[PDB]
Amino acid sequence: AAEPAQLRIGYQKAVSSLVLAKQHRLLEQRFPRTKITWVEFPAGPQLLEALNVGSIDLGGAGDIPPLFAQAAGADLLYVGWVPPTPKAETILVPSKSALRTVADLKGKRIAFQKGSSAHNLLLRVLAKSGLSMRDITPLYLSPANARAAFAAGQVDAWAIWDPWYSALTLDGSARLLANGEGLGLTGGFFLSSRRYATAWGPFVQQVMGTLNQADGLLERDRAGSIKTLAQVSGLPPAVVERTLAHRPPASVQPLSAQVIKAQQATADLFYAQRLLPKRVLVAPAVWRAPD
């Protein structure tokens, strides 16, 4: 039964299970006739941009990047859903800051990756305090660049995820102002080019199956995962351990009805909030393999 000659799969190092899947060569083991090429991206929108120009054909992101890609005319497929890790989606403020509530974010400069989960996190948390995206000043910055801005004192707050959350709260750089708990965050997705998933559905399904198993390493191989992740990232083991503490299991699985509806609701909310140029229809982009 035929399999593709190559999988250029995008990933974000923040996703510990993918780092491990990569390190442990899980896909290579499962697919010995496929060249597995892991391509790192700083965040989701970057990975999505790459998917759209064909630099990768599969990759993981938060819920928001594919909505922005779709809005921009990307003909992508949702092929897998990753449960949310709301403790790991955070708004941080410099620890020296007098900001102590979400309300205090009004009129502040908030760094975040545009079109990432953080964008949604910020929108949702701001909304609870009667603040919209127009009540803050966004600094649209990739994680590394936001980290530099935050270190330079150029940001009042930063909507970001692990490991930055763990790293900066543990070393005293940041205070947690809010996380994603209580928001019914959707989680994230594995996205595919439509051609690749159409050509190689079973394979894509099996890839998801293998990635699904990778997430389990964090629990069933905690101490080894910590050692490996710390080693690979250069992060302190204590930081790595804290990132694992913030995560329940979040293994990639098929999109359920509620997940797809939740993603549409987010699409609708972004459009309603004038954050997307087009209304996005999620369902036509949803894929599931036969079986």
Interchain or sequence-distant (5+) residues whose placed amide H lies within less than 5 Å of the amide H of residue 139 are 110, 111, 112
Measure off 7 Å from each Cα along the Cα-to-Cβ vector at residue 257 and residue 29, then give the distance between these two points in nanometres to one decimal. 3.7
J(HN,Hα) series, the stretch 57-64, from Karplus relation 6.51 cos²θ - 1.76 cosθ + 1.60, nearest Hz, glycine and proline x: 10, 8, x, x, 8, x, 6, 7
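Express in nm, to one decimal, how much length is gained between residue 268 and residue 220 on full extension, taking 0.36 nm for each residue of separation and deducting their alpha carbon distance. Don't skip to the end; give the middle numbers.
Working: separation 48, 0.36 × 48 = 17.28 nm, distance 3.83 nm.
The span from residue 268 to residue 220 would gain 13.4 nm if fully extended.
What's the long-distance tail for the chain, i.e. % of Cα pairs beyond 34 Å? Let's see the in-between values first.
Working: 7245 of 42195 pairs.
The calculated P(r) of the chain puts 17 percent of pairs beyond 34 Å.
Per the helix-only calculation at 222 nm, which mean residue ellipticity applies to the chain, given -39500 (n - 2.57) for every DSSP H run of n ≥ 4 and division by its residues, nearest 500 deg cm²/dmol? Kindly include the intermediate steps, with their values, before the conclusion.
Details: 13 runs with 120 residues, N = 291.
Only helices count here, giving -12000 deg cm²/dmol.
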Sequence-distant or interchain residues sharing an amide H contact under 5 Å with residue 81, placed H: which? 190, 253, 255
Measure nothing fancy, just the Cα-based angle from helix 201-215's long axis to the longest principal axis of the chain, in degrees from 0 to 90, nearest 10. 50
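Please list 258-268, 214-224 highest first by mean number of surrounding beta-carbon atoms within 10 Å per residue.
Details: 258-268: 17.8, 214-224: 15.6.
Listed from highest to lowest mean packing, they are 258-268, 214-224.
Using the Kirkwood radius over Cα pairs, work out the Stokes-Einstein diffusion coefficient for the stretch 85-184 at 37 °C and 0.692 mPa s, in µm²/s as a whole number.
Here the translational diffusion coefficient equals 255 µm²/s.
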Expected vector for the stretch 94-99, Karplus 3J(HN,Hα) from phi with 6.51, -1.76, 1.60 and θ = phi - 60°, integer Hz, x for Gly and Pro, equals x, 4, 6, 5, 8, 4
Whose amide H sits under 5 Å from the amide H of residue 97, counting only residues 5 or more places off or on another chain, with H placed in the peptide plane? none
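Which shape class, rounded, prolate or oblate, goes with the stretch 168-291 when its Cα gyration tensor gives a ≥ b ≥ c as root eigenvalues, a/c under 1.5 marks rounded, and past that a/b bigger than b/c marks prolate? Display every interim value, and only then the final one.
Working: a/c = 2.49, a/b = 1.30, b/c = 1.92.
Taking the square roots of the gyration eigenvalues as a ≥ b ≥ c, the stretch 168-291 is oblate.
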Roughly how many debye, to the nearest 20, is the charge dipole of the stretch 1-117 about its Cα centre, given +1 on each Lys and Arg Cβ, -1 on each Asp and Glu Cβ, and no other charges? 520
What size of dipole, in debye to the nearest 20, comes out for the chain about its Cα centre when the only charges are +1 on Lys and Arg C-beta atoms and -1 on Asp and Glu C-beta atoms? 360
When the charge dipole of the chain is computed with +1 at the Cβ of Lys and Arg and -1 at the Cβ of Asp and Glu, the Cα pointing farthest to the positive end, of 267, 84, 213, is that of 267
For the stretch 165-228 and the stretch 34-62, what is the centre-to-centre distance using only Cα atoms, to the nearest Å? 14
Could you go through the stretch 216-230 in sequence order and give the Karplus-derived ³J(HN,Hα) for each residue, using 6.51 cos²θ - 1.76 cosθ + 1.60 with θ = phi - 60°, rounded to whole Hz, and x for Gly and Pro? x, 3, 4, 9, 6, 9, 4, 6, x, 5, 4, 4, 5, 4, 4
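Every residue, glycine among them, receives a Cβ derived from its backbone with ideal geometry; neighbour counts consider all protein chains shown. Coordinate-derived values only; no laboratory data.
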